[PDB]
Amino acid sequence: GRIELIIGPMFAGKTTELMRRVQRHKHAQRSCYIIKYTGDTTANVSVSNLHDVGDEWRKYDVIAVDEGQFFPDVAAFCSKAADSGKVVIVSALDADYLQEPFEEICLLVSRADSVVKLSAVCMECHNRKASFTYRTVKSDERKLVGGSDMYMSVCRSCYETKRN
């Protein structure tokens, strides 16, 4: 596509997939510009929103955005870039720890040529595919950067049990 979107819960390998795709384009001598979030820990810039990238991205064939849920203007950015002929690849969570959608990523679903939702493996039961991220630490902050020390991926029934 022109906008390709990779979603799924944490630990599903979304970033790995993003990089797999970028690497394919790099082997064909296509120029890739990789955008990461400031906060999150193959890169080009780290920013807190996509406005701050300015116009540098126009010099490249492929634009990759990692952790798309953190950028509040991601839909507009991707559309602008794709209209300028760029292949835009975005990796992002579709859902927060409360199973509520990141509205901006949803909007991207509707504008995307390609949408792939990856799965993880349930870290609780170890037996099923996992489509949900459960927060293991008490915090009401929606944006809380961290890894397996603060989150685990779970299947539907594990998510319910743990919520109780």
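Residue numbers run from 1 along the displayed sequence.
Modelled in this chain, residue 41 is nonetheless absent from a third or more of the other compared entries whose models extend past it on both sides. Missing coordinates between residue 110 and residue 111 amount to none of the deposited residues, so the segment is unbroken. Higher mean CA B-factor, judged across 49 to 57 and 25 to 33 from the recorded values: 49 to 57. When the two stretches 89 to 97 and 76 to 84 are set side by side, the higher mean Cα temperature factor goes to 76 to 84. Per the deposited record, 41 carries the highest C-alpha B-factor of all listed residues (41, 119, 133, 139). Compared with the other modelled residues of the chain, the Cα B-factor recorded for residue 69 ranks in the middle third.
Split the chain's modelled residues into thirds by C-alpha temperature factor. Residue 105 is in the middle one.
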